[PDB]
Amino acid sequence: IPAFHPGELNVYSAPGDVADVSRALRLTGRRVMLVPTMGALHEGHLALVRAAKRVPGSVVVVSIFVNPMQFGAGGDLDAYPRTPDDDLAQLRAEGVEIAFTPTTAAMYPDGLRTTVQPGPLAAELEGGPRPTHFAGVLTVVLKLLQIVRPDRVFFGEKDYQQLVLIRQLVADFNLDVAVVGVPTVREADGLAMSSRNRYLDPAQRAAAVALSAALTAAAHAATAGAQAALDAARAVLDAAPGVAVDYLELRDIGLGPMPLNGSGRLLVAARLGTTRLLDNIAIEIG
């Protein structure tokens, strides 16, 4: 067991160190909670941390690892925001006891060898133009789950397709962990918090409110049916200056091979300049 200081933030980079500490804690009765992140922490991540912290007898592990495998090109990987010092400052302020910060070499000593092949959902929506993105996400999450062996793992609803794919991973591989989805944290005007929001200039920040406005308009319009909901959302997006919609789709909640029937999810992706923003909302039809 590496040194562990209860009540303080303990940072471990070696997978073996966090694995040993987690096992030891689990053996003494504490329930290990895992919050996987790629760093650049904001209030949305803190909500995941808080959800984890409130589980009785919990010890929280926040992993910070910008996973190369889920980036389609080195350019995107190099562009990903990195603010390590602020991240750890936020974790200490939150009372987090463990941050797991592995190196790329420790996670991929053999490059891409055995990997996770997601189901068909990975080739749609976000996966359409980025066919290997979700295999990258599921492979790293599977590894993080095996290293930490948490009782529960927390993900934000903002990246809803990712959340669904992780539930598929857990069910399909018989993983003994509970997946907890946490509601999206939003700015005062409705904008979904995201590390990519820092790339919106003042005008784009103003126009970006259209995504959340379109989704909530659609959710209330839905009493009149799917067409009314989608058209309300389209009208709001169309009134927004400089917002180029990638997709706007209403799907069954599992996003799978099932038609929309009562409870659904409305998902949107749009570009403001070079920044691609995502958002989604629960929708009840009729």
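We call the rigid core the largest set of C-alpha positions that still match within 1.5 Å between the two forms. Numbers follow the displayed sequence, beginning with 1.
Between 41-49 and 254-262, the larger mean CA deviation from the shown form in 9 other deposited structures of this protein, after core superposition, belongs to 254-262.
Between 117-125 and 85-93, the larger mean CA deviation from the shown form in 9 other deposited structures of this protein, after core superposition, belongs to 85-93. Residue 154, modelled here, also has coordinates in every other compared entry of this protein that models residues flanking it, well short of the third needed to call it frequently missing. Per the records, residue 110 is modelled in every other compared entry, just as the shown structure includes it, so no third of them leave it out.
Stretches compared: 254-262, 34-42. Higher mean C-alpha B-factor in the entry: 254-262. According to the PDB record, 84-92 carries the higher mean C-alpha B-factor of the two stretches 108-116 and 84-92. Highest C-alpha temperature factor among 206, 211, 175, 138, as the PDB entry reports it: 206. Reading the B-factor column for the CA atoms of 248, 217, 62, 244 in the entry, the top value corresponds to 244. Among the modelled residues of its chain, residue 14 has a C-alpha B-factor that falls in the middle third, as given in the PDB entry. For residue 29, the recorded CA B-factor ranks within the highest third of the chain. Only modelled residues enter the ranking. Among the modelled residues of its chain, residue 194 has a C-alpha B-factor that falls in the middle third, as given in the PDB entry.
In the PDB entry, residue 171 places in the middle third of its chain by CA B-factor.
In the PDB entry, residue 285 places in the highest third of its chain by CA B-factor.
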